[PDB]
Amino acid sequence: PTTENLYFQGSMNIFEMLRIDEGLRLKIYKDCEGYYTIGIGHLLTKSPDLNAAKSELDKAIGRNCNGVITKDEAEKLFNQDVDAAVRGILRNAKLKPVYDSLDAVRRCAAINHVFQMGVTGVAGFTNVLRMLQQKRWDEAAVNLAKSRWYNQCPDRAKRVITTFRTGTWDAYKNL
């Protein structure tokens, strides 16, 4: 690796990772699963009603957005969502010990998955959690590749599953 390459891990962190996986959109859009989203992967609602999505948005931002936010607002909301994912893992008796056992880069992949899927969905992956605690990386990654999370929307999950397999940032290079 070049000097520049060895610097690339320092440029990577959970925010930079989720920003690649989720994109940045300033207007309400439907995700790969059809669901109303804004900012950096902020899910607004499962309802098919745009007006519900807008109501959730104004609540989340605190003004009358009419479906549109600023980059600064998207970042503030993203930071709240990242904090909520981290807090969700740490207060959970099933996820905390696995997270604690992980290295820094796999801890980012853990936060990413919980941000995407939520704590209860993630904490139900009994096998994957045991495999990770036992450092069975290849098996963990194959088991995550069976999930509806990955298979319903592969592009958004593929880099996270590679990161659990390798513990490096290689999947985030060369966009």
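One rule holds for the numbers: they count along the sequence shown, beginning at 1.
Engineer: Higher average CA B factor in the deposited record is what I'm after, so tell me if that's 123-131 or 37-45.
Structural biologist: According to the entry, 37-45 carries the higher average C-alpha B-factor.
Engineer: Using the B-factors recorded in the PDB entry, average over the C-alpha atoms of 20-28 and of 160-168, then report which stretch comes out higher.
Structural biologist: Stretch with the greater average CA B-factor: 20-28.
Engineer: Say you rank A109, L144, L57, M117 by Cα B-factor from the PDB entry; which sits at the top?
Structural biologist: That would be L57.
Engineer: Among the chain's modelled residues, which third holds the C-alpha B-factor of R63?
Structural biologist: As the PDB entry reports it, the C-alpha B-factor of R63 lands in the highest third of its chain.
Engineer: Taking the chain's C-alpha temperature factors as the reference, tell me which third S11 falls into: lowest, middle or highest.
Structural biologist: Top third by C-alpha B-factor.
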